[PDB]
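J.: I am sharing final-v9.cif, which consists of mmCIF, C-alpha atoms and all ligand atoms:
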```cif
data_start
#
loop_
_atom_site.group_PDB
_atom_site.id
_atom_site.type_symbol
_atom_site.label_atom_id
_atom_site.label_comp_id
_atom_site.auth_asym_id
_atom_site.auth_seq_id
_atom_site.Cartn_x
_atom_site.Cartn_y
_atom_site.Cartn_z
ATOM 1 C CA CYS A 2 -89.009 39.498 -92.220
ATOM 2 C CA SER A 3 -87.310 41.749 -89.682
ATOM 3 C CA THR A 4 -87.525 41.512 -85.890
ATOM 4 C CA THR A 5 -87.337 44.404 -83.422
ATOM 5 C CA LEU A 6 -87.317 44.541 -79.635
ATOM 6 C CA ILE A 7 -89.430 47.373 -78.159
ATOM 7 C CA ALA A 8 -89.395 48.325 -74.491
ATOM 8 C CA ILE A 9 -92.919 49.184 -73.295
ATOM 9 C CA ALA A 10 -93.443 50.833 -69.916
ATOM 10 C CA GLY A 11 -96.410 50.387 -67.648
ATOM 11 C CA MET A 12 -97.791 47.112 -68.955
ATOM 12 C CA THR A 13 -99.401 45.902 -65.750
ATOM 13 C CA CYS A 14 -102.353 43.699 -66.769
ATOM 14 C CA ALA A 15 -103.138 40.906 -69.194
ATOM 15 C CA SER A 16 -105.862 42.939 -70.863
ATOM 16 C CA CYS A 17 -103.380 45.674 -71.867
ATOM 17 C CA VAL A 18 -100.854 43.200 -73.272
ATOM 18 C CA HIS A 19 -103.677 41.668 -75.390
ATOM 19 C CA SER A 20 -104.821 45.090 -76.510
ATOM 20 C CA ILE A 21 -101.262 45.924 -77.494
ATOM 21 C CA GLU A 22 -100.779 42.588 -79.268
ATOM 22 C CA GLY A 23 -104.208 42.858 -80.925
ATOM 23 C CA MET A 24 -103.683 46.380 -82.198
ATOM 24 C CA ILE A 25 -100.058 45.962 -83.233
ATOM 25 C CA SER A 26 -100.516 42.541 -84.862
ATOM 26 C CA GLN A 27 -103.269 43.986 -87.123
ATOM 27 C CA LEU A 28 -101.099 46.687 -88.598
ATOM 28 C CA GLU A 29 -100.208 46.173 -92.232
ATOM 29 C CA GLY A 30 -96.823 44.514 -92.386
ATOM 30 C CA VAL A 31 -96.907 43.037 -88.877
ATOM 31 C CA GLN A 32 -96.584 39.324 -88.994
ATOM 32 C CA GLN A 33 -96.184 38.470 -85.355
ATOM 33 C CA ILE A 34 -95.876 40.041 -81.913
ATOM 34 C CA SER A 35 -95.078 38.627 -78.491
ATOM 35 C CA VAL A 36 -95.060 40.707 -75.354
ATOM 36 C CA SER A 37 -93.183 39.805 -72.208
ATOM 37 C CA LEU A 38 -94.722 41.405 -69.103
ATOM 38 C CA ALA A 39 -91.652 40.382 -67.017
ATOM 39 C CA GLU A 40 -89.135 41.977 -69.449
ATOM 40 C CA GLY A 41 -91.436 44.907 -70.286
ATOM 41 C CA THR A 42 -90.791 44.215 -73.997
ATOM 42 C CA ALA A 43 -92.587 43.436 -77.212
ATOM 43 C CA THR A 44 -90.801 41.457 -79.861
ATOM 44 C CA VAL A 45 -92.290 42.195 -83.268
ATOM 45 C CA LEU A 46 -91.808 40.324 -86.550
ATOM 46 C CA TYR A 47 -92.518 42.833 -89.367
ATOM 47 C CA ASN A 48 -91.989 43.685 -93.016
ATOM 48 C CA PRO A 49 -89.614 46.655 -93.263
ATOM 49 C CA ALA A 50 -90.908 47.507 -96.771
ATOM 50 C CA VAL A 51 -94.186 48.431 -95.022
ATOM 51 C CA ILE A 52 -93.506 49.349 -91.384
ATOM 52 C CA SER A 53 -90.561 50.369 -89.203
ATOM 53 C CA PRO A 54 -89.676 49.891 -85.515
ATOM 54 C CA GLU A 55 -90.176 53.651 -85.100
ATOM 55 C CA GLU A 56 -93.762 53.433 -86.395
ATOM 56 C CA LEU A 57 -94.432 50.417 -84.152
ATOM 57 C CA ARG A 58 -93.129 52.395 -81.181
ATOM 58 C CA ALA A 59 -95.380 55.322 -82.281
ATOM 59 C CA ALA A 60 -98.400 53.015 -82.482
ATOM 60 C CA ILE A 61 -97.665 51.667 -78.949
ATOM 61 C CA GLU A 62 -97.340 55.229 -77.759
ATOM 62 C CA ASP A 63 -100.667 56.210 -79.379
ATOM 63 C CA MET A 64 -102.204 53.425 -77.235
ATOM 64 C CA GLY A 65 -100.836 55.244 -74.190
ATOM 65 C CA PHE A 66 -97.692 53.400 -73.158
ATOM 66 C CA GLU A 67 -94.220 54.876 -73.207
ATOM 67 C CA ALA A 68 -92.076 52.893 -75.590
ATOM 68 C CA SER A 69 -88.687 52.834 -77.129
ATOM 69 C CA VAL A 70 -86.967 50.707 -79.712
ATOM 70 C CA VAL A 71 -84.189 48.593 -78.136
ATOM 71 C CA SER A 72 -82.719 46.775 -81.143
ATOM 72 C CA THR B 1 -102.272 63.386 -35.664
ATOM 73 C CA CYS B 2 -101.960 61.689 -39.080
ATOM 74 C CA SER B 3 -98.850 61.659 -41.244
ATOM 75 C CA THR B 4 -98.441 62.177 -44.963
ATOM 76 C CA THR B 5 -96.257 59.969 -47.216
ATOM 77 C CA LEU B 6 -95.497 60.255 -50.927
ATOM 78 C CA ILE B 7 -95.170 57.034 -52.842
ATOM 79 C CA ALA B 8 -94.018 56.853 -56.453
ATOM 80 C CA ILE B 9 -95.952 54.188 -58.315
ATOM 81 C CA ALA B 10 -94.614 52.846 -61.622
ATOM 82 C CA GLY B 11 -96.944 51.639 -64.329
ATOM 83 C CA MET B 12 -100.324 53.212 -63.619
ATOM 84 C CA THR B 13 -101.719 53.705 -67.128
ATOM 85 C CA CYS B 14 -105.506 53.788 -66.659
ATOM 86 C CA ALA B 15 -108.230 55.349 -64.523
ATOM 87 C CA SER B 16 -109.412 51.919 -63.434
ATOM 88 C CA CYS B 17 -106.127 50.995 -61.755
ATOM 89 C CA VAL B 18 -106.049 54.378 -59.987
ATOM 90 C CA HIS B 19 -109.460 53.735 -58.547
ATOM 91 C CA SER B 20 -108.420 50.185 -57.613
ATOM 92 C CA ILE B 21 -105.312 51.366 -55.768
ATOM 93 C CA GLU B 22 -107.234 54.071 -53.929
ATOM 94 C CA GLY B 23 -110.060 51.671 -53.144
ATOM 95 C CA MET B 24 -107.830 48.923 -51.734
ATOM 96 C CA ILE B 25 -105.229 51.081 -50.006
ATOM 97 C CA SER B 26 -107.855 53.328 -48.417
ATOM 98 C CA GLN B 27 -109.371 50.268 -46.683
ATOM 99 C CA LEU B 28 -106.148 49.414 -44.849
ATOM 100 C CA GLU B 29 -106.326 50.013 -41.128
ATOM 101 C CA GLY B 30 -105.004 53.474 -40.295
ATOM 102 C CA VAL B 31 -105.373 54.931 -43.808
ATOM 103 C CA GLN B 32 -107.424 58.131 -43.748
ATOM 104 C CA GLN B 33 -107.042 59.065 -47.368
ATOM 105 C CA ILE B 34 -105.017 58.358 -50.483
ATOM 106 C CA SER B 35 -104.840 60.605 -53.489
ATOM 107 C CA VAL B 36 -103.236 58.954 -56.542
ATOM 108 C CA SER B 37 -101.987 61.220 -59.323
ATOM 109 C CA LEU B 38 -102.060 59.282 -62.552
ATOM 110 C CA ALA B 39 -100.384 62.357 -64.155
ATOM 111 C CA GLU B 40 -97.422 62.455 -61.766
ATOM 112 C CA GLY B 41 -97.218 58.692 -61.143
ATOM 113 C CA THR B 42 -97.515 59.175 -57.369
ATOM 114 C CA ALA B 43 -99.759 58.575 -54.401
ATOM 115 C CA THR B 44 -100.094 60.767 -51.332
ATOM 116 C CA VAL B 45 -101.397 58.897 -48.316
ATOM 117 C CA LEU B 46 -102.703 60.350 -45.103
ATOM 118 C CA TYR B 47 -102.256 57.629 -42.521
ATOM 119 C CA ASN B 48 -101.946 56.903 -38.819
ATOM 120 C CA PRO B 49 -98.277 56.063 -38.227
ATOM 121 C CA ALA B 50 -99.067 54.266 -34.944
ATOM 122 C CA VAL B 51 -101.151 51.870 -37.024
ATOM 123 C CA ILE B 52 -99.443 51.646 -40.411
ATOM 124 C CA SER B 53 -96.054 52.572 -41.984
ATOM 125 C CA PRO B 54 -95.110 53.932 -45.449
ATOM 126 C CA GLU B 55 -93.258 50.673 -46.097
ATOM 127 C CA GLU B 56 -96.412 48.694 -45.385
ATOM 128 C CA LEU B 57 -98.322 50.971 -47.814
ATOM 129 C CA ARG B 58 -95.608 50.527 -50.474
ATOM 130 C CA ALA B 59 -95.708 46.750 -50.063
ATOM 131 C CA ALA B 60 -99.493 46.695 -50.334
ATOM 132 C CA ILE B 61 -99.348 48.698 -53.571
ATOM 133 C CA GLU B 62 -96.674 46.282 -54.853
ATOM 134 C CA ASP B 63 -98.995 43.359 -54.029
ATOM 135 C CA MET B 64 -101.479 44.937 -56.452
ATOM 136 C CA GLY B 65 -98.765 44.617 -59.149
ATOM 137 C CA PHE B 66 -97.245 48.100 -59.262
ATOM 138 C CA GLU B 67 -93.615 48.887 -58.451
ATOM 139 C CA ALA B 68 -93.707 51.437 -55.648
ATOM 140 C CA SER B 69 -91.168 53.390 -53.628
ATOM 141 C CA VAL B 70 -91.584 55.583 -50.574
ATOM 142 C CA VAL B 71 -90.147 59.000 -51.500
ATOM 143 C CA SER B 72 -91.180 61.484 -48.757
HETATM 144 CA CA CA A 101 -108.530 60.163 -56.193
#
```
Show me, as structure tokens, the structure contained in the file I just sent.
Ligand SMILES: [Ca+2]
T.:
Amino acid sequence: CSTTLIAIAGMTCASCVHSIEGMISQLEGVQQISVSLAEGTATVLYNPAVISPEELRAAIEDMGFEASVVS
Amino acid sequence: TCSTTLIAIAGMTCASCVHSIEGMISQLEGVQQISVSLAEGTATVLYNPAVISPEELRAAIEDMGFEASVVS
């Protein structure tokens, strides 16, 4: 319903991007996620009634990557 | 004598990569030791400067997929 761009630092293998996508995509309200390793971003399609970019960033950071919401 | 160089390494996020970097870089000719700090995002390398340069070490670390810069 909404889309957010999140900068994620230190994504340096495929396995981590899949972990990130796997974990984030399974959160309630998260419809879709695509990570770009080249950009260092995750684009997330989410339901703002349920989840926010700030909580997505927090979830990425609980996985151990520095993150910040871009837009 | 051997020289010491400090290399900042961006994007180390796991113990496994640390071990990989140390394992591969240590094998390079002229590299006595390398101590990677996951905490500080750096590597200290004790190396023979007649055999290998900091720029060569930086490049080798970058070939492993981490952005690296020689600091000191
Ligand atoms: Ca070590």
J.: Around ligand CA 101 (chain A), at most 12 Å away and counting only C-alpha atoms and all ligand atoms, which residues are there? Put them as a short mmCIF file (atom, residue, chain, number, x, y, z; two decimals) with C-alpha atoms, in the coordinates of the input, please.
T.:
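Okay, this is what ended up in out.cif:
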```
data_model
loop_
_atom_site.label_atom_id
_atom_site.label_comp_id
_atom_site.auth_asym_id
_atom_site.auth_seq_id
_atom_site.Cartn_x
_atom_site.Cartn_y
_atom_site.Cartn_z
CA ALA B 15 -108.23 55.35 -64.52
CA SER B 16 -109.41 51.92 -63.43
CA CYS B 17 -106.13 51.00 -61.76
CA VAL B 18 -106.05 54.38 -59.99
CA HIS B 19 -109.46 53.74 -58.55
CA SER B 20 -108.42 50.18 -57.61
CA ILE B 21 -105.31 51.37 -55.77
CA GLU B 22 -107.23 54.07 -53.93
CA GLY B 23 -110.06 51.67 -53.14
CA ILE B 25 -105.23 51.08 -50.01
CA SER B 26 -107.86 53.33 -48.42
CA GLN B 33 -107.04 59.06 -47.37
CA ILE B 34 -105.02 58.36 -50.48
CA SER B 35 -104.84 60.60 -53.49
CA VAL B 36 -103.24 58.95 -56.54
CA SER B 37 -101.99 61.22 -59.32
CA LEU B 38 -102.06 59.28 -62.55
CA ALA B 39 -100.38 62.36 -64.16
CA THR B 42 -97.52 59.18 -57.37
CA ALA B 43 -99.76 58.58 -54.40
CA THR B 44 -100.09 60.77 -51.33
CA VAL B 45 -101.40 58.90 -48.32
#
```
J.: Tell me the residues of chain B close to chain A, meaning within 8 Å using all atoms listed in the file, as a list in words.
T.: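 Result, ordered by chain then number: residues 10, 11, 12, 13, 65 and 66 of chain B.
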J.: Quick one: 3 Å padding each side, axis-aligned, all listed atoms of segment 31-50 of chain A - centre and edge lengths in Å to one decimal, as JSON?
T.:
```
{"center_x": -93.0, "center_y": 43.0, "center_z": -81.9, "size_x": 13.8, "size_y": 15.0, "size_z": 35.8}
```
J.: Evaluated on this file, the PyMOL selection byres (((chain B and resi 48) around 9) and not hetatm) picks out some residues - which ones are they, written as an mmCIF file with C-alpha atoms, in the coordinates of the input?
T.:
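File produced: selection-v8.cif:
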```
data_model
loop_
_atom_site.group_PDB
_atom_site.id
_atom_site.type_symbol
_atom_site.label_atom_id
_atom_site.label_comp_id
_atom_site.auth_asym_id
_atom_site.auth_seq_id
_atom_site.Cartn_x
_atom_site.Cartn_y
_atom_site.Cartn_z
ATOM 1 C CA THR B 1 -102.272 63.386 -35.664
ATOM 2 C CA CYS B 2 -101.960 61.689 -39.080
ATOM 3 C CA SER B 3 -98.850 61.659 -41.244
ATOM 4 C CA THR B 4 -98.441 62.177 -44.963
ATOM 5 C CA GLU B 29 -106.326 50.013 -41.128
ATOM 6 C CA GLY B 30 -105.004 53.474 -40.295
ATOM 7 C CA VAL B 31 -105.373 54.931 -43.808
ATOM 8 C CA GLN B 32 -107.424 58.131 -43.748
ATOM 9 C CA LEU B 46 -102.703 60.350 -45.103
ATOM 10 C CA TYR B 47 -102.256 57.629 -42.521
ATOM 11 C CA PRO B 49 -98.277 56.063 -38.227
ATOM 12 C CA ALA B 50 -99.067 54.266 -34.944
ATOM 13 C CA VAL B 51 -101.151 51.870 -37.024
ATOM 14 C CA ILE B 52 -99.443 51.646 -40.411
ATOM 15 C CA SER B 53 -96.054 52.572 -41.984
#
```
J.: Skip residue 3 of chain A itself and residues of its chain fewer than 6 positions away, then list as a PyMOL selection string all residues within 10 Å of it, counting only C-alpha atoms.
T.: chain A and resi 31-32+45-50+52-54
J.: Could you state the separation of atom CA of residue 67 of chain B and atom CA of residue 7 of chain B in Å, given to one decimal place?
T.: 10.0 Å
J.: Could you please determine the separation between atom CA of residue 57 of chain A and atom CA of residue 7 of chain A in Å, to one decimal place?
T.: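 Computing the Euclidean distance for atom CA of residue 57 of chain A and atom CA of residue 7 of chain A yields 8.4 Å.
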